[PDB]
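Neighbour counts are summed over all protein chains in view; Cβ atoms, including those assigned to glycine, are modelled from backbone coordinates with ideal geometry. Bear in mind that the values in this text are calculations on the coordinates, not laboratory data.
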């Protein structure tokens, strides 16, 4: 009973039910211009191209 | 006449009509793990947090 009521109805968003979506940790990306060039990394022919 | 026919109908995708969308230069992003940490960059309080 306790767990049914705890995990049914209106409740805190569970990241396990939405592919790890944590509203507290809403993930985004910011555009930054590299000021100092980065060290090389290795990837395949198509990726480098 | 020539410009109407050139820029009407089925034609090469014009990036100016689709917010700079160039099919020849389809932009994507790849996840990379930093192997050597980058040099500092400056941003605001909320951005750093």
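Restricting attention to the stretch B:22-31, the residues being at the interface with chain A (Cβ under 10 Å from one of its Cβ atoms) and surrounded by 10 or more Cβ atoms within 10 Å (Cβ to Cβ) number 0.
The conditions of being more than 18 Å from residue A:31 (Cα to Cα) and within 14 Å of chain A (Cβ to nearest Cβ) are not met by residue B:7. I'm told residue B:43 meets every condition in (1) surrounded by 10 or more Cβ atoms within 10 Å (Cβ to Cβ); (2) within 14 Å of another protein chain (Cβ to nearest Cβ); (3) under 14 Å from the mean Cα position of the chain (by Cα) except one. Can you identify the failing condition by its number? Residue B:43 satisfies all of (1) surrounded by 10 or more Cβ atoms within 10 Å (Cβ to Cβ); (2) within 14 Å of another protein chain (Cβ to nearest Cβ); (3) under 14 Å from the mean Cα position of the chain (by Cα) except (3).
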